[PDB]
């Protein structure tokens, strides 16, 4: 049968590439190839000629170690994955990295490897599909309509982020999300029973999922059957548990954890090929009949599906020209001409938390930017993230723009990544800066994939006060500044906050963390003028010395900028002139040339005090060896916030006092 031979071809390309690499994970591709074959050639709607076709079904390999299965299917389907690419598995600069990397392989929809997260990112994709369908499907035109598939394994189902995401997806009745569970009773350290014994069916049923079981993971009629039932039932996400033998066919290693994560070896790979009836003498061998089978089943149907969808789009264009022009910009990642003029501008004196001015920026933008979409992990009323009038994102009204993620920071991070990968949306999530730790691995995959997600991180310091040190960030700032390709902006007032929002929405290729206060911040007088370009360049001179030549520089961020300005005013009354530097974003300031940075931090002004309510790690770069740091390198406390700040030294007097010491006065 041609189906069997395609499946053996997949199994054997995967083995050989892993042998040549002397590295990788054979056991999962060997057992999962039939289910992956069946989904890829019989149910999934995609076009190898255009992996960016916007209405394609989205596929996610959550069990990322199995990546040679993905690459085998990509290559045989005619994606731009060549045979030489498969012979470069796990090699420097290749298009077949050991775990799936989005942006490095055509057709790969998401970077996985960190277990659990792929499922949750698929949930994100399925949410973007329903929200987009409800925004653009009008008057008989079903322009957004597609499934989200994922293959996961035992480890994915032990990770909490996948529990969070399954709960959320079932709650939202995401009927177009179908997960195939590679259920092989094996994890990395040995038998599944070492660590895991849940009734997975009963658990996914408690979330509101359709559960289906495949007894024989090699029987493609039982698999295709399960897939038909899953695609039929659009009222619930589906989990298809497919019982497999890890390393199926290896006479000595099938069913053992030894086959999870190291090459079969030349001896056992020979015996496996014999067990497969794979007669052929050559390695990396694909019979022409297999390329032909894949042409017939995938390449050629895929191009007609997309052609036929291009026809429906052209008619929608003519029927609904504005709506289609909006959709086309959304797909292209563009914002509506002139949206930015809708941003608020705040006068000096006006005092409100930067979480509150964030709240106002959001609603101001939300009208001008239809593509904005997001929410909070059960803190909308504290983070100030609600889009008023925007609607609740619910199965009865997927057009609603407010997502109620629940107390699931980590699912929220990864769903956000998934929505951004889908395309068509600008997306944000809110929580307390301290609990940004709960989604830390999702922030990392955003950075690695270069996804311009936006984190709304409020309650940024010890000024939080009474809820105490579990709720008071100290190190989180430093911990994000050290992450590559993560933009971090801690705006100093309402105007820097609108600037920060603007830059974050203009980002195309990296996540932005917005660090915001619980407590009021009075608006500075220069920021209305300078914030957008000032924040654009990471740091600037928000308040220059009045006598032009500063005797020392005060360096501050967020709320502390106001503190430093009031110290400046006290100091100049005494005849001591300093320049205050706002430093809303280290990463963007380091992106500028030294010509600019030297205009902000003039080398001749060696006396520099840093002022920031957070760990000191890193501050020596900017204050230098004659400078001083006023920071916090200890945990906080449970007390009114202005009192903590005082006992920790963030007072006008102590700033003046430390500045005077720097100058020998």
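Numbering follows the first chain given and starts at 1.
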Between 330 to 338 and 147 to 155, point out the one with the higher average CA B-factor as the PDB entry records it. 330 to 338
Higher average CA B factor in the deposited record is what I'm after, so tell me if that's 489 to 497 or 409 to 417. 489 to 497
Using the temperature factors in the entry, find which of 322, 164, 399, 84 has the highest value at its Cα atom. 322
If I read the C-alpha B-factors straight from the PDB entry, which of 268, 229, 241, 378 is highest? 268
Binned into thirds over the chain's modelled residues, the C-alpha B-factor of residue 641 lands in the highest
Residue 284: CA temperature factor from the record, placed by chain third, in the middle
Within this chain, which third does the Cα B-factor at residue 484 fall in: lowest, middle or highest? lowest
Residue 28 by Cα B-factor - lowest, middle or highest third of the modelled chain: middle
For residue 67, does the deposited CA B-factor place it in the lowest, middle or highest third of the chain? lowest
